[PDB]
Number of protein chains: 4
Amino acid sequence: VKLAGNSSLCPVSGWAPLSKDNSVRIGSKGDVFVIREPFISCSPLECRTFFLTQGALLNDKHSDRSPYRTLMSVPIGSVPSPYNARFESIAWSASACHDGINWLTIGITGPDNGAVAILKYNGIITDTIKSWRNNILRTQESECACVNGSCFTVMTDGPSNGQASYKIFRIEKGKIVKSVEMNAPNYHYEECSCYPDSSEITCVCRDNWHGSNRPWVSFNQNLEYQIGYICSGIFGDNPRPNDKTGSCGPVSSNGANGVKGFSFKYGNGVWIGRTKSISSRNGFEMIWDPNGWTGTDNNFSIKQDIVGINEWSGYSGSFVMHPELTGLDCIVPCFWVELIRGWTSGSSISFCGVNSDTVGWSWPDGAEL
Amino acid sequence: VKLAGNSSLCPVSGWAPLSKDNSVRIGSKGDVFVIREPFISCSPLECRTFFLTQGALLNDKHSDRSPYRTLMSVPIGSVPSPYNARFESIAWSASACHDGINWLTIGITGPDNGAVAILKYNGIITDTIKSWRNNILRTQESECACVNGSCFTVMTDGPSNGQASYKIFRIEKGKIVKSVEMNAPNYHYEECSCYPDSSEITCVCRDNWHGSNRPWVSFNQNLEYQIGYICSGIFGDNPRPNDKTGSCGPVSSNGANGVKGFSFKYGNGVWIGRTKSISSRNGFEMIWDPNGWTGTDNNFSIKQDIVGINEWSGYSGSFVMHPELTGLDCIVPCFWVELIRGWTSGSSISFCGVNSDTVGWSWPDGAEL
Amino acid sequence: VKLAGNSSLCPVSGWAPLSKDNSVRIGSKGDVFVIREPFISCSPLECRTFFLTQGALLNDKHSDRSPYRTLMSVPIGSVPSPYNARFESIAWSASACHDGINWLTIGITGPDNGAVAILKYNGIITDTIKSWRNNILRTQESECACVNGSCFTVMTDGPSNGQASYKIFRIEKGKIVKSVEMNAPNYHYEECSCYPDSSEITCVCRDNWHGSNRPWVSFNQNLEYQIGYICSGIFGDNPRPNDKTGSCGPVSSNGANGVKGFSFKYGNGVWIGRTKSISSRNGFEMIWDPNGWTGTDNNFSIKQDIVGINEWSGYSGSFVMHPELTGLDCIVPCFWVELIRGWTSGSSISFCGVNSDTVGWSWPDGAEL
Amino acid sequence: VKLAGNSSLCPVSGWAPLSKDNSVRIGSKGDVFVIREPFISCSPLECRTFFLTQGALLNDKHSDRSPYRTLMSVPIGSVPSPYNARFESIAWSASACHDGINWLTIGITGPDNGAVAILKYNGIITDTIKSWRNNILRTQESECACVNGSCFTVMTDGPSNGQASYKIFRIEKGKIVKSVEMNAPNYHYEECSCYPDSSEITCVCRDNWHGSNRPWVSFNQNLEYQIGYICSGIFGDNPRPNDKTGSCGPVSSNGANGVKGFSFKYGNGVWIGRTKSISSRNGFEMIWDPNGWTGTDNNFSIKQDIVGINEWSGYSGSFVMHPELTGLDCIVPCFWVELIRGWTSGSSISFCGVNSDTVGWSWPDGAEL
Ligand SMILES: CCCC(=O)N[C@@H]1C(C(=O)O)=C[C@H](N)[C@@H](NC(C)=O)[C@@H]1OC(CC)CC
Ligand SMILES: CCCC(=O)N[C@@H]1C(C(=O)O)=C[C@H](N)[C@@H](NC(C)=O)[C@@H]1OC(CC)CC
Ligand SMILES: CCCC(=O)N[C@@H]1C(C(=O)O)=C[C@H](N)[C@@H](NC(C)=O)[C@@H]1OC(CC)CC
Ligand SMILES: CCCC(=O)N[C@@H]1C(C(=O)O)=C[C@H](N)[C@@H](NC(C)=O)[C@@H]1OC(CC)CC
Ligand SMILES: *[C@@H]1O[C@H](CO)[C@@H](O)[C@H](O)[C@H]1NC(C)=O
Ligand SMILES: *[C@@H]1O[C@H](CO)[C@@H](O)[C@H](O)[C@H]1NC(C)=O
Ligand SMILES: *[C@@H]1O[C@H](CO)[C@@H](O)[C@H](O)[C@H]1NC(C)=O
Ligand SMILES: *[C@@H]1O[C@H](CO)[C@@H](O)[C@H](O)[C@H]1NC(C)=O
Ligand SMILES: [Ca+2]
Ligand SMILES: [Ca+2]
Ligand SMILES: [Ca+2]
Ligand SMILES: [Ca+2]
């Protein structure tokens, strides 16, 4: 049965640990892929860790946008190895989601001025879209959001240090049925983390151009969209300045570059995931701002430690567990964090939102390099 | 269908070998996890060996309560390897059971003063409970017991060398529905081995404080409990003194520290599993005491050798095979023994109760260190 | 349900990347088979990469027609390894296809003057045919074509540098029910790539004797056949001369030897897959000739790059995805290319025909030797 | 559905290659078990290679009747590895068969004077029988034979160089329901190869005491048995004298010791599998004797080469494919051969009887030692 996606996020007060792969630690001896940009997507039966591999192993002489990059998946928490990983697509930029019937995999490959997104439904090539600006077509590097048998994704074409072009897609059974170009002057959208919420999609993305706060785009199934930035003074990007009075135009201070991230909107409140360090990808924390989606103050209520500030963090993205998998009355919000080591590989940890009792700690990669 | 758990243990006269993993012997060359605290739990379809990994392999650089510890499972008798193990939870103390529909996994992680038990039903986080004494929340390190779609576990919070706090839990579909704190002054319960018996749960645990005999707690589905110590003069813990007149309270002689163990109650009789050595974790034996549950004499009837006294034993725990898996009219009692080697890893052997003819022997780890 | 095979190939304008295994790159460290002559065949559920192994691993001291050669299969895109490969048959020449119910595997083994093809249906030996010319009985080294519960293959017996004997087979449930010897004087058929098309089978093969263009044979379910060569001046074999005015008699210029290849017939048009180099197995390209099946000119319309001319290509063959797997109204044409390295092993890439936007690129093996 | 086992062996004229694992060749680099006494048994869905492991890998320092020996299974033709093998039982002597519903596994372990056979049905311990002569209880080391939901096996207790005791067992759902001790003075039965034939079981075994011809026992479902020796002058054991006039009793010339073997009875005819060398386990051949079961001449009709006389053979045993798996009207006879190398390990090849065209060849182990 197709996932309805019409329930809301039930509110959470903390984040409980879900999975830890320990990829690099086992890969010191075992045959483990060198992976980057991992993400997690859940079927109605199981959750899977998707990853991009260079076709190389840890402690091997073969270890950015190469032809050898492929998208592969393993069950969540298992090591990415050649002996247990399922092939998905050829991709140096990817997204994957399950609409309740079959997996949808989007894989981008080709040259930087001629990249094509390859859409695969149940492992079958169903649609393609070529680059329309001819400057590195790229996508979420996290799970797409599916509502009522239709899955949605955001792709960016253009420069990564100036104004680019951003498109929203509606995908049904692997076929693109509607596309809308976002009219967003002076905005920058990269590597969006999208989730379904009450038959609508909310995406929180990365401003690589001039934004230390995170831009967002929210749209319905007809791709009627609204855009903006998260107005919290708790800035979500990395690099970023210190917490001051925020703004939701793009905040230019330390706004150049960034990191893939996520946020969960709860009315006017927001759950913010960000690095602990303001200049590097070190540490991670979950911050609840009761008015952060629209208010410009730097006041928050709940802070949960995820990764300690002396340990390497990296990309982070959102994923959801639908009621068809949980049996609950809501959509449970969850997130993964990539712990980059270095070759250059990463391990992943995942957390899920609960209203029950939690604790902050540090779950780092912990491999002696 | 949910496991009824209303039949009794049918009586057994011996123990037949069920599984042997040979983890360390294969891991001298193959890619095998360094595991500790293994245990076995059975679904209506298959039995699985659960284990805690440090995220490291045998003969590796990376090889107690660390953030990298995870609970993983393999089919029974297979080697714990990164290429065949299913991830279960992040845990340095764990319990797992199957209610007949889905696996329930309990995983404890976090700091020693802030540990939280994470309950997972069908891989979905369903409930959590924080440490309530803030001194190392810990659980069975063996399978929980399930009766009529509800699974039961015992957790300990407090010191491991004095009086602590002990709680019983009723868990339905991964949700805690009832908790009772055990009023047990001058008792110590650690690492309980629980089994279902005639719609009731019987747990035999480890007295780390001042007991060389094993304490027990038995409760119904409403958590109405009775407590006591195994009165047999055949003392079940390690370390222990020589077999003398036992007591129905804690026997203080060599009562400090201990080892995880099990016992099967048969009316006033008891099947006792214990180490052969009275001072170290060497050897194992199964002893049938026809009046050992309530009588203080050191007389027994049947002794079966399991592990020879020159070979390394360790933790031991009980597990059961329900009529839904066996097709029988009773609940078959079974047990595993961990053979600790050393890194520090262990291999596991498992035995099941039969009424047919058996033999005592030695099935040790057999690796060359 | 048996595959109908009565729909036609829907026309395609480009080829989208489907799979990439990166076998040699992972095999620099991991346990990966040394494979040759790979091919891909699809079930109604999944596509599988079939391959022949010498029973040896990459970077191993054990690494043409040997008794140790076996046919093995993995899911498409996964590495050929001893820990994930399914055994199929003992074969130094093989073909495999799925009729919609079960896999049919044809495996040829034995001495060069006494070889026998072993037919296996659902892993069960169902029929055999011995060599009738006693000079290396051999078969497609690609997927057989199945129409209406009956699968078809072409086998060659005789010399590889002169006139040989060629037979067509009808195989139902692994049993040969009809055979016809092709009356083809001055023709040479080796390693045919066969596909179903409107309840008919079209095979494009390799002329090792005196042909730089590719011969073809097309037959119905009663094995009533027509034969000929591809009249295009775009010659499809390797080695070959430069593109000039071609013919569909055998073109003798550089006609000696050859390489396994494929072509897709579209009325009087043809999609031609060939190496970029005219003297060696380097590079690959997809060429659309609107009148190439019957016209002798060297004019074409669409050229798509697949493998760059500085990179190693090799065998190439056709495979199809039936409507029972895609849900479409047509049979989607697809193809694989073997990238030979060196031991002597190869990695595989696969492409499928789409009517949407594509791009040419180079997806080479990429292992540093 | 339970296998009927009431059809006869349909006659065959040759043997076609079924599987080849190449375990030692891959195990020169990969993680492959050191195995001995392999055999093959088929479910209604698939055939599996069963094997005994010392708990050690090829090229490892850990590499007869040890406690570490276990019975393990893989799909047929796949390498015996720790990452793909299913655990079956703890055994240094074993038998396994599928009655059409579940696997039955018989595993013998314990000391030489106290060994017990452990019967496992669907992985559940269902019955045990201890040694009754206290001199190495042992069993077929090949598949048991199942007729009408009941499986049959032959076990030997006593000396391997004199008169011993032999018992027939009827096993239904893993439970022994009838046992008969064979009254066979001056006979020796070791390592029987049993097959079903027209609701009856025929076993051909090894005379280790004083027989260079193979003894046989045939019984119905009520264990009413007849005994004798294969009267053919083509002697089936190894060591053996040259082919001369045979006898219906044990032939004392080179009768001491022997090797596990098989024969298929066809009325008064017999298909005989034996080594090519008369003094060592080198080579293998399939010999059809039209009157060999009762006639004492050394004349035969069909000889098929299996393993060349310069290559290492070893144990050989029979297995069958029932009509529930093949869909045929008869029971197809099949056999495996163990190719012993050396550590001391072996690979396996398997053949099945067909009435179509075959060829003799040599499929040896092929590893460089
Ligand atoms: C470090 C400076 C450059 C930078 O940001 N690189 C980004 C990145 C990272 O680790 O940050 C990792 C990804 N491999 C990049 N994705 C692609 C398609 O290449 C990504 O780049 C995107 C998104 C901003 C634009 C092309
Ligand atoms: C000899 C070291 C002290 C000691 O007894 N350690 C125990 C132990 C062992 O192998 O004995 C193994 C476990 N890893 C311990 N469990 C935890 C949560 O740490 C356990 O400790 C528990 C139960 C007594 C109390 C915290
Ligand atoms: C360059 C060596 C001669 C040659 O052409 N070899 C061919 C080949 C190649 O890679 O070209 C690979 C295959 N292993 C060969 N197949 C067999 C059954 O041996 C094949 O040979 C066939 C088809 C022409 C005739 C026997
Ligand atoms: C040459 C050594 C003596 C000998 O014959 N060994 C036999 C053997 C072999 O490879 O021949 C292999 C098996 N491992 C033996 N089985 C057991 C239970 O030990 C078997 O022995 C059996 C059957 C005769 C009697 C105990
Ligand atoms: C969502 O849609 C389903 C059917 O797809 C319906 O049964 C359900 O009531 C809806 N849920 C909400 C919260 O509106
Ligand atoms: C246990 O309960 C089941 C239903 O769950 C019932 O059919 C059965 O009779 C009960 N068994 C006993 C021994 O009371
Ligand atoms: C092919 O045959 C199927 C039944 O096997 C039929 O339903 C279908 O219409 C046919 N398709 C075409 C294109 O003729
Ligand atoms: C064997 O028994 C089955 C039922 O189990 C019956 O249908 C069949 O006819 C029998 N076969 C023979 C050859 O007697
Ligand atoms: Ca930024
Ligand atoms: Ca104690
Ligand atoms: Ca040619
Ligand atoms: Ca003999």
Side-chain angles (χ1 to χ4, degrees), chain C residues 27 30-34 53 55-63 65-73 81-91 102 107-132 134 137 173-176, chain D residues 12-32 42 45-47 49 74-85 305 307-308 311 321 325-328 332 334 347 349-368:
Chain C
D31 304 331
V32 172
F33 279 127
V34 168
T53 45
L57 301 193
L58 284 161
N59 319 137
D60 176 72
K61 71 160 178 171
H62 303 276
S63 53
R65 298 175 295 278
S66 71
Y68 324 115
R69 288 200 97 183
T70 62
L71 177 72
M72 295 207 83
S73 80
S81 91
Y83 319 127
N84 60 357
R86 171 200 309 161
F87 179 82
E88 305 285 347
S89 70
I90 306 166
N102 297 122
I108 297 177
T109 194
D112 287 5
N113 53 3
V116 181
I118 311 301
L119 279 78
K120 280 213 212 160
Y121 193 66
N122 197 34
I124 313 304
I125 297 171
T126 51
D127 203 349
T128 76
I129 171 159
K130 59 175 151 157
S131 178
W132 63 95
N134 305 291
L137 165 68
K173 311 287 259 148
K175 320 287 273 158
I176 299 150
Chain D
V12 304
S13 60
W15 305 88
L18 173 63
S19 72
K20 181 147 173 63
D21 65 331
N22 290 316
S23 48
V24 192
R25 283 168 59 81
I26 290 128
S28 302
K29 176 164 206 282
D31 304 331
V32 172
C42 299
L45 289 176
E46 54 142 9
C47 300
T49 292
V74 297
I76 186 175
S78 76
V79 288
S81 91
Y83 319 127
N84 60 357
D305 288 349
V307 177
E311 305 275 0
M321 288 196 204
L325 164 75
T326 69
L328 300 177
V332 173
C334 301
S347 64
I349 53 179
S350 65
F351 298 80
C352 278
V354 298
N355 229 10
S356 50
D357 303 332
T358 55
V359 51
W361 214 27
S362 188
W363 295 270
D365 181 89
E368 327 157 276

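Quick note on labels: first sequence line is chain A, next is B, and so on, each numbered from 1.
Heavy-atom distances place no part of D/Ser23 under 4.5 Å from chain C, backbone and side chain included. Contact annotation for D/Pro364: both backbone and side-chain heavy atoms come within less than 4.5 Å of a heavy atom of chain C. Contact of C/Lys61 with chain D is made through backbone and side chain together, with heavy-atom distances under 4.5 Å. Contact annotation for D/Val359: both backbone and side-chain heavy atoms come within less than 4.5 Å of a heavy atom of chain C. Of the two parts of D/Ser81, only the side chain, counted from C-beta on, holds a non-hydrogen atom closer than 4.5 Å to a non-hydrogen atom of chain C. With a 4.5 angstrom heavy-atom cutoff, D/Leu325 touches chain C via backbone and side-chain atoms both. Neither the backbone nor the side chain of D/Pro75 comes within contact range of chain C; no heavy atoms are under 4.5 Å apart.
Taking D/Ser78, D/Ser19, D/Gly327, D/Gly30 one by one and counting their heavy-atom pairs under 4.5 Å with chain C, the maximum is reached by D/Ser19. Of all the listed residues (C/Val116, C/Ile90, C/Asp31), the one sharing the greatest number of non-hydrogen pairs under 4.5 Å with chain D is C/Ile90. Counting heavy-atom pairs closer than 4.5 Å to chain C, the top residue among D/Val32, D/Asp357, D/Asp365 is D/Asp357. Chosen from D/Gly360, D/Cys47, D/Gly27, D/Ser28, the residue pairing most often with chain C at heavy-atom distances under 4.5 Å is D/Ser28. Between chain D and the options C/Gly123, C/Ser89, C/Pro111, heavy-atom pairs under 4.5 Å are most frequent for C/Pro111. Of all the listed residues (D/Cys42, D/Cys334, D/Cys352, D/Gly77), the one sharing the greatest number of non-hydrogen pairs under 4.5 Å with chain C is D/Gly77.
Distance NZ/D/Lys20 to CG/C/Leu71: 15.5 Å, rounded to 0.5 Å. One finds the OG1 atom of C/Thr128 at 13.5 Å from the CH2 atom of D/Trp15 (value rounded to the nearest 0.5 Å).
A donor-acceptor pair is defined here as one N or O able to donate and one able to accept, closer than 3.5 Å; no such pair exists between the side chain of D/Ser356 and the backbone of C/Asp127.
Qualifying salt bridge (charged side-chain N to carboxylate O under 4.0 Å, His left out) partners for C/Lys130, counting only residues two or more places apart in sequence or in other chains: none.
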- Task: Kindly indicate, with the supporting measurements, whether the criterion side-chain contact (heavy atoms from CB on, under 4.5 Å) is fulfilled by D/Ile26 and C/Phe33.
- Result: CA-CA 8 Å; D/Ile26 290 128; C/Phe33 279 127; 3.6 Å; yes

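The shortest heavy-atom contact between C/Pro82 and D/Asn84 is O-ND2, 3.8 Å. Residue C/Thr109 comes nearest to D/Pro17 through the heavy atom pair CG2-CG, 4.0 Å, listed as atom of the first residue, atom of the second, then distance. The shortest non-hydrogen separation linking D/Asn22 to C/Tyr68 is ND2-O, 3.0 Å. Across all their heavy atoms, C/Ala56 and D/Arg25 have their closest contact at CB-NH2, 4.2 Å. Looking at every heavy atom in both residues, D/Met321 comes nearest to C/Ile124 through SD-CD1, 3.6 Å.
By the 4.5 Å heavy-atom criterion applied to side chains, D/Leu18 and C/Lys120 are counted as neighbours.
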